[PDB]
């Protein structure tokens, strides 16, 4: 029903960098949150979050060794959805004035997923879809989540 004349921002935050010991058994949480401007929410903006893995799953990737990685399936807030009823892990949410954030998280369980020392990064992509004067448009950005082991 509405279009904007300044493109919607895509505003993502993530968990700050974490450090853990190789022998820790505690679950490690990582989360991301996406929003946009109040005017874009009024206009009907839809925000997105996705990873770089198969089916847009989130990948915690060792800096040195290509094959060392964990592909993680996200959990999302109750107002968000997965693409195609969950056949893909890409996430979207139509924001509203009473519900302004898309929130999602993953977890590494050291008990089932072995912890190797070193640096890990996890790339997340976020976007916002809206209409401007030329019709459908989107802006996207990226942020990298970090984990240091031992």
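Numbering follows the first chain given and starts at 1.
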| remark: Ranked by mean Cα B-factor in the entry, 97 to 105 and 84 to 92, top stretch is 84 to 92
| note | Avg C-alpha B-factor, entry values, 61 to 69 vs 47 to 55, higher side is 61 to 69
| task | Among the candidates 141, 138, 14, 23, give the one with the maximum CA B-factor reported in the record. | result | 23
| request: Identify, among 33, 111, 42, 125, the residue whose C-alpha carries the highest B-factor in the deposited PDB entry. | output: 111
